[PDB]
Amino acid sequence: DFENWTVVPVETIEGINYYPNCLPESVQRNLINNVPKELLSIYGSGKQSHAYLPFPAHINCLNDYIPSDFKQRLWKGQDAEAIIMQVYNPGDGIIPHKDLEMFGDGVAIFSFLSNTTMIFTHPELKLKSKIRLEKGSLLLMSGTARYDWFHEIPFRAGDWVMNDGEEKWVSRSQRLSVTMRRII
């Protein structure tokens, strides 16, 4: 598949900003301790959970780790209004998509528990790009990244990851994302 396509660096995609080790461990633990225990079930397919403001502190504090320059530029200096928490047990993913127009520009994703791989697709350009979303990271998607490209998480139970010159198949563990957006 995709023999007509090129894989380019994620840096070539305007409006993708990635911040490894954005959340202190203390913040990650406080959030995870405070999610309903049913949400983190290891069995079958990961569950999801919509939350609407006012958010409790263990969520709401995530607003503080979204860079101010992003919120000013796109969110009117304000904080997130809609939040979705999604669990991914090994083998879970999401098909390529662009986020719904009801949200307008600037999407923040916080990652918890374990690492995964997200793939960006531009069918008109015939390009792919990939980013490793690590535990504790923040991904901001806006502009070209958010309107021009699709994103997905492949449905599989590991990812090939290149590190220190070697490539290994890193098994997936349970992963939780928190996606923070505004309604336009």
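When you see a residue number, it is the position in the sequence shown, counting from 1.
K.L.:
Comparing average C-alpha B factors as deposited, tell me which of 39-47 and 121-129 sits higher.
P.N.:
Taking the mean C-alpha B-factor of 39-47 and of 121-129, the larger value falls to 39-47.
K.L.:
Determine, for stretches 20-28 and 163-171, which one has the higher mean CA B-factor as deposited.
P.N.:
According to the PDB entry, the answer is 163-171.
K.L.:
Highest Cα B-factor in the PDB entry belongs to which of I153, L53, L139, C61?
P.N.:
When the deposited C-alpha B-factors of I153, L53, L139, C61 are compared, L53 is largest.
K.L.:
Is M85 in the lowest, middle or highest third of its chain when residues are ranked by C-alpha B-factor?
P.N.:
Answer is middle: the recorded C-alpha B-factor places it there.
K.L.:
Split into thirds by Cα B-factor across the chain's modelled residues, where does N4 land: lowest, middle or highest?
P.N.:
CA B-factor rank for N4: highest third.
K.L.:
Going by the recorded CA B-factors, say which third of the chain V107 sits in, lowest, middle or highest.
P.N.:
It falls in the middle third of the chain.
K.L.:
Using the B-factor values recorded in the entry, state whether the Cα atom of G93 falls in the lowest, middle or highest third among the modelled residues of its chain.
P.N.:
Its C-alpha B-factor belongs to the lowest third of this chain's values.
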